[PDB]
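Below is query-v6.tsv, which holds TSV, C-alpha atoms.
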```
chain	number	residue	atom	x	y	z
P	1	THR	CA	4.25	8.22	23.33
P	2	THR	CA	0.48	8.46	23.81
P	3	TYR	CA	-1.86	5.51	23.38
P	4	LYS	CA	-3.17	6.68	20.00
P	5	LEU	CA	-0.41	6.49	17.40
P	6	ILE	CA	-0.93	3.43	15.20
P	7	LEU	CA	0.47	4.52	11.84
P	8	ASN	CA	2.79	2.71	9.44
P	9	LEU	CA	1.95	3.97	5.95
P	10	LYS	CA	5.64	4.54	5.22
P	11	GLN	CA	6.06	0.78	5.30
P	12	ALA	CA	2.56	0.01	4.10
P	13	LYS	CA	3.34	1.79	0.84
P	14	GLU	CA	7.00	0.76	0.74
P	15	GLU	CA	5.94	-2.88	0.82
P	16	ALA	CA	3.20	-1.90	-1.58
P	17	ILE	CA	5.77	-0.49	-4.00
P	18	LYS	CA	7.43	-3.90	-4.15
P	19	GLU	CA	3.94	-5.35	-4.57
P	20	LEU	CA	3.17	-3.34	-7.70
P	21	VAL	CA	6.82	-3.30	-8.78
P	22	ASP	CA	6.74	-7.09	-8.74
P	23	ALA	CA	3.18	-7.39	-10.06
P	24	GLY	CA	4.00	-4.85	-12.78
P	25	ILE	CA	0.61	-3.23	-13.38
P	26	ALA	CA	-1.23	0.13	-13.38
P	27	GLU	CA	1.47	2.25	-11.75
P	28	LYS	CA	-1.39	4.66	-11.02
P	29	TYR	CA	-2.26	2.50	-8.01
P	30	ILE	CA	1.38	2.79	-6.97
P	31	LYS	CA	0.64	6.50	-6.59
P	32	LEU	CA	-2.34	5.98	-4.26
P	33	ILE	CA	0.05	4.14	-1.95
P	34	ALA	CA	3.29	5.93	-2.80
P	35	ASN	CA	1.50	9.19	-2.04
P	36	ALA	CA	0.03	7.77	1.19
P	37	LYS	CA	-2.45	10.22	2.80
P	38	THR	CA	-4.49	7.22	4.00
P	39	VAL	CA	-2.41	4.73	6.00
P	40	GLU	CA	-5.42	2.40	6.22
P	41	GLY	CA	-5.88	2.73	2.48
P	42	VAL	CA	-2.17	2.45	1.66
P	43	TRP	CA	-2.40	-1.06	3.11
P	44	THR	CA	-5.79	-1.74	1.49
P	45	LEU	CA	-4.98	-0.27	-1.92
P	46	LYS	CA	-1.83	-2.38	-1.90
P	47	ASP	CA	-3.43	-5.69	-0.95
P	48	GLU	CA	-6.29	-4.75	-3.26
P	49	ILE	CA	-4.29	-3.51	-6.25
P	50	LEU	CA	-2.39	-6.78	-6.02
P	51	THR	CA	-5.61	-8.78	-5.96
P	52	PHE	CA	-6.20	-7.37	-9.46
P	53	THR	CA	-3.03	-9.14	-10.63
P	54	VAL	CA	-3.03	-12.72	-9.34
P	55	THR	CA	-2.80	-15.58	-11.83
P	56	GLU	CA	-1.61	-18.25	-9.41
```
The structure in this file should be written as structure tokens.
Amino acid sequence: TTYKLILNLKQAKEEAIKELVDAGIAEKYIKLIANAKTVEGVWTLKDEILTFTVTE
């Protein structure tokens, strides 16, 4: 419906949960995503909050 409905925060944060749940860090960030409110952010905060926990 409509040509202006590009939202997927439910999954952006869900995947993000696993991101922080696996990275085990400041759960606080898990709230910025778990709480959504900013689909674009949910995906950014996730990829970002993970970037702060990469010791590859």
Fewer than 6 positions away in the same chain doesn't count, so skip those; otherwise give me all residues within 8 Å of segment 22-39 of chain P, counting all atoms listed in the file, as an MDAnalysis selection string. chainID P and resid 7:10 12:14 16 45:46 49:50 53
Just the number, please: distance in Å from atom CA of residue 17 of chain P to atom CA of residue 5 of chain P, one decimal. 23.3 Å
Expressed in Å to a single decimal, how great is the separation between atom CA of residue 11 of chain P and atom CA of residue 40 of chain P?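 Those two atoms sit 11.6 Å apart.
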Hey, can you check how far atom CA of residue 18 of chain P sits from atom CA of residue 4 of chain P? 28.4 Å
